[PDB]
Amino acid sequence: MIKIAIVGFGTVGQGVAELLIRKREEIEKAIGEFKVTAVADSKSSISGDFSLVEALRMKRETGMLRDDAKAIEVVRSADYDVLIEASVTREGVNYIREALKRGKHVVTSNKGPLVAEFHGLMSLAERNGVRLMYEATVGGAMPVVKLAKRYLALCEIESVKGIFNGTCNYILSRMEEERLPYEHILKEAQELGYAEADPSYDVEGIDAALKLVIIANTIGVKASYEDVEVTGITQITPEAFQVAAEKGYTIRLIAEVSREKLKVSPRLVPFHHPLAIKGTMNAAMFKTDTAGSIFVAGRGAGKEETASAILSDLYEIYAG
């Protein structure tokens, strides 16, 4: 019996519960029997014997769970084997450290702890006898972490160049097509739900840079946030797309970790290049020494998409 605690029950955490319910037969015939023994949101929790669909109904119906006990108490006291840490940031680091220090596996979708304390957390997991999985932190459903770390393990990954923010990719693709000012394309992005009222985390390249730090570290390049040169998309105009088009280029926000660079910024990309992908998409080009160049593309976010990444990590920990 695999015992799972879910901490964080906004969009992602609820996504994980939906998927665990929907794919229960397939999950169980792959990793064996499982039960979610605790769920916690930002101010309440449910533990003991309860059903996931109960927890889910209650959260949707009331905006909270059943008990007053906070996420930290569930992390330090509940009976579980693996913690799914999908906490709503806007604490996370402490939930991870405390589950790892209890000798529990951790699957997370939070970038913050990994950006602030990457080697400190990987080592803590190693010192205890457990794993810290983080596929959902970068690329959403797109394999990136397991690809860099498991598939390409005995290769020297020399560089990664990619697109790690769907919202900026959408804004730039849309600006390319419509040729309308940034202010207007942003309002569309907001109407569609891609960008919040304060779209800064996306448009100033912060999200992409956080992800770039996680990737840099995953491939063996020690890096902190302050090491990344970050430039957003707010000064890209339709006129920029026009002058670039005339010479065969589109414009994309590209995150790169190489020997020469560690940056997130707009860049000219030839129309038929793999990184010229449009819409709310992610992409990554890995340049290696023995496997050549390896390219991946997919959805970089979404409820079911993020939930999928979390599940791929749970499978990796327990498949046999």
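Residues carry their position along the shown sequence, with the first being 1.
Please figure out whether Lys247 and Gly248 are truly consecutive in the deposited sequence or have unmodelled residues between them, and give none, 1 to 3, 4 to 9, or 10 or more. According to the record, the chain runs unbroken from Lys247 to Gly248.
Per the entry, higher mean C-alpha B factor between 192 to 200 and 67 to 75: Between 67 to 75 and 192 to 200, it is 192 to 200.
When the modelled residues of the chain are sorted by Cα temperature factor, does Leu114 land in the lowest, middle or highest third? According to the entry, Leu114 has a C-alpha B-factor in the chain's highest third.
For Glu183, the third of its chain into which the C-alpha B factor falls: Its C-alpha B-factor belongs to the middle third of this chain's values.
State the tercile, meaning the lowest, middle or highest third, of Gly292 with respect to the CA B-factors recorded for its chain. Ranked within chain, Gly292 CA B lands in the lowest tercile.
Taking the values exactly as deposited, rank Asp41 by C-alpha B-factor within its chain and report the matching third: lowest, middle or highest. Within its chain, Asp41 is a lowest-third residue by C-alpha B-factor, going by the deposited values.
Based on the entry's values, in what third of the chain does the Cα temperature factor of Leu20 lie: lowest, middle or highest? For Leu20, the deposited C-alpha B-factor lands in the middle third.
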